[PDB]
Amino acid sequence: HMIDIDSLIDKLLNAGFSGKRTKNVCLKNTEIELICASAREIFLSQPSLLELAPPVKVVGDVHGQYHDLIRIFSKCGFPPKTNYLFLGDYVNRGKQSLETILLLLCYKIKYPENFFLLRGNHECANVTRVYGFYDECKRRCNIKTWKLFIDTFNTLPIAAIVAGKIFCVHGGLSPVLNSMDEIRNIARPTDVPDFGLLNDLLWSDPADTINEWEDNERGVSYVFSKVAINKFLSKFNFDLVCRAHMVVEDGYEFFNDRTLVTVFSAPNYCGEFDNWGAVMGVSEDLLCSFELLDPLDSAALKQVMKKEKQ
């Protein structure tokens, strides 16, 4: 029997609109298994480097903040009337990583040509072991379920080009990125390597450094200067680098005279930063606009979920 994607999405949406956290996921592990297999099939069939036509809305980190994800869809439009590109980091830190990733995967399944998910640095075995998702899988489901997600994470595409002009990646640039074909030819499935192209694309950060490339003092990959950005844009004839991978107070933040933008969509990240979330709309004429989401507490979020149910 084939996947009842309508019934799965409904259960997921209902779980979110309840505002309630349950130890049991509203979906059976067999259903979770089917979702991961279906999504995996699509990921491997579509290119490693997505090439998307506008309009589209770009979403940064969500990090398990499921109620905020629903706020995003409510405010920016539900699929498939609104086209989405997510920049990765769907799990860890947040309270409802499972609901979050499952809903995103289901939408990918139902609308494979209008809905897109990139790989973030958190979508790997190493990081999920540390910041909650492995423990959440073990506690709410099992370790076998976790492994299935990792198998699925390993097949995610790495980068996207919007309208031939906006380069989209989770982390940033690489010192060993010679051509777009190198991203296209990243073999999948794959774990995140400790070094190399894929490691850089997920972990690099921009900085106003003196050298084009220096070691990232966050511990992984490199930091790249304004010059590196200007060179990259000029080499591949791009206008904008759109990335995530960093919490910013207003949900978004331009750099190097608006040639790079950081988009972050987890309001009040870690419960500590009190940041806004942002979603970047890219018009058919390549105009970039920003819809913002303010940080709500647990009680206000529940009220918005209560509200949105009608």
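The first residue of the sequence shown is number 1, and the count goes up from there.
Of the two segments examined, 104 to 112 and 206 to 214, it is 206 to 214 that shows the higher average Cα temperature factor in the deposited entry.
Averaged over their C-alpha atoms, the temperature factors of 38 to 46 and 280 to 288 are higher for 280 to 288.
The entry assigns its greatest Cα B factor, within the set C141, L156, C168, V91, to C141.
Per the PDB entry, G219 shows the highest C-alpha temperature factor of the residues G219, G132, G77, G172. Among all modelled residues in this chain, the alpha-carbon of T262 has a temperature factor (C-alpha) in the lowest third. Looking at the C-alpha B-factors along this chain, the one for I9 belongs to the lowest third. In the PDB entry, a CA B factor belonging to the middle third of its chain's modelled residues is recorded for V162. Among all modelled residues in this chain, the alpha-carbon of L52 has a temperature factor (C-alpha) in the highest third. The entry lists a Cα temperature factor for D61 that places it in the middle third of the chain's modelled residues.
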